[PDB]
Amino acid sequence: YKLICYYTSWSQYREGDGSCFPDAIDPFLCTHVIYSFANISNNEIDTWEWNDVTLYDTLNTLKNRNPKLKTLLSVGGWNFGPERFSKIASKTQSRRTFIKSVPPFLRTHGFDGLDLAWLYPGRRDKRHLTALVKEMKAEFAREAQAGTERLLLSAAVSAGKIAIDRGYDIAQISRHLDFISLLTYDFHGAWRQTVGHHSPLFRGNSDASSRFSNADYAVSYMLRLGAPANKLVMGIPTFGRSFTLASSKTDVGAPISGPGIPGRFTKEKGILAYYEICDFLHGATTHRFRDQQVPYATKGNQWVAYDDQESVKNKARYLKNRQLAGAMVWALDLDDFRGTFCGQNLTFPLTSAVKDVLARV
């Protein structure tokens, strides 16, 4: 089983304990660590933060402690305009120029592969997304001829039925991609004003519409479309999505006036790192949707939907039963990486639970 863990560029800037460097990563925890995110300029892969070349190095020296560890760089991300990806992928000339610029870059910085996080291609991109994956892979095969190990190629895909129908030719890209990471946790889409869990496992028996929104449907749908199980990786979040209530109602359906207050370290409305949620729980009331098998908490007018150790062990058990390739975690720097925020003195509590269940067979 594979354990793909994302580490983000900008977590170095958080204050105090919030700050996280490649340093803090247990080399034996995951099988693959993906650095986010690389940028694109003058049509070539390129760096993003001034000090990336350094952190690139830091991350990749973990391979000295664990020689089996594989690292990848990710291009794209949500703060990267899809129009930009779209503009590069549509013109064979600008597309070829980018592809050709990738291998040398990965090799200089010691990465073992590239990860595509185009979020998200639209109806008019489906065809180009395919041209890009296909041609890029071909470039990796051709490059392995130089006598070095073939570079890996992966992609982060939307887990929403409509997004999948609109911009992905799943059957096509799965034959060229090494693994596909299902973004099964952006379900309660930023849009509406009703409390809801962003990463439910199951349908949530007590609800008629938007049954398409849960890990289970997404996974079954991908297999129906043609993605083989041995390349599917299910995304497990390590953060919580918060809300500022607009009434005293706290159960399913309750109204929402907007996103929740920022976390002390995370400084971003609507989300909270797991280690922040641990602190938050003190004095909070905890509930758990039996149907979807995921927890949620409230305190004051703040409602938080999140994942704890057992909801995470659950998804992991599920993924094994459907015989998928492994799990994907977003993200290491949001988990309790110091191990000093969540009761127990364990480091990376959430990612380990996934790893424990995965190591059982």
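So that there is no doubt, residue numbering starts at 1 and follows the sequence shown. Under this definition, the rigid core comprises the largest set of C-alpha atoms superposing within 1.5 Å between the forms.
- Root mean square Cα distance to the shown form, taken over structures and residues in 8 other deposited structures of this protein after a core fit, is higher for 201-209 when 201-209 and 225-233 are compared.
- Root-mean-square C-alpha deviation from the shown form, taken over all structures in 8 other deposited structures of this protein superposed by the rigid core, is larger for 186-194 than for the alternative among 186-194 and 134-142.
- Stretches 188-196 and 146-154 differ in mean C-alpha B factor, with the higher average recorded for 188-196.
- For the pair 48-56 and 24-32, the mean B factor over Cα atoms is greater in 48-56.
- The residue among 127, 161, 107, 176 whose C-alpha carries the highest B-factor in the deposited model is 127.
- Reading the B-factor column for the CA atoms of 138, 256, 88, 114 in the entry, the top value corresponds to 256.
- Per the PDB record, residue ranking by Cα B-factor puts residue 238 in the lowest third of the chain.
- Ranked by Cα temperature factor within the chain, residue 271 sits in the highest third according to the deposited record.
- When the CA B factors of the chain's modelled residues are split into thirds, the value for residue 359 lands in the highest one.
- Among all modelled residues in this chain, the alpha-carbon of residue 100 has a temperature factor (C-alpha) in the middle third.
- The deposited CA B-factor of residue 168 belongs to the middle third of values across its chain.
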